[PDB]
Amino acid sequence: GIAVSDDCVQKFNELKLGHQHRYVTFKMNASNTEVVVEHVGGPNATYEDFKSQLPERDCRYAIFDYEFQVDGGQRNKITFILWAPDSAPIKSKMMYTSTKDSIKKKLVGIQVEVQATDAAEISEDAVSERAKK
């Protein structure tokens, strides 16, 4: 089984506990033996910053502390996203898919999960819409 790096937990914790990051992206390491942190989005990074950097032909995971000015205040939703574009190789797909539960259970505190397999699914509308699911 692919191991989740504890650094994946530390960064998720900095976001969840300290609001230190807008989002965190994760990818497998070189040996595909552990998922490691890839991109630490700071508090002012936009959803666009997160999105534009997603590999079109490779998978990734992400926590996006999606923010709102909505009814019951200004809300924050810790959204875990599995990015698995249909154009990724089967090996990449298989790996990310096969290891999603571990990262999800390691990341105690997720609030919304979404799976995006294309441009429209990873769009800001798809995600923002589901963020207040």
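All residue numbers refer to positions in the sequence shown, first residue = 1.
The PDB entry records a higher mean C-alpha B factor for 7 to 15 than for its counterpart among 7 to 15 and 114 to 122. Judged by mean Cα B factor in the deposited record, 65 to 73 ranks above the other of 65 to 73 and 32 to 40. Considering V108, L54, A45, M95 together, the PDB entry gives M95 the largest C-alpha B factor. Among all modelled residues in this chain, the alpha-carbon of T99 has a temperature factor (C-alpha) in the middle third.
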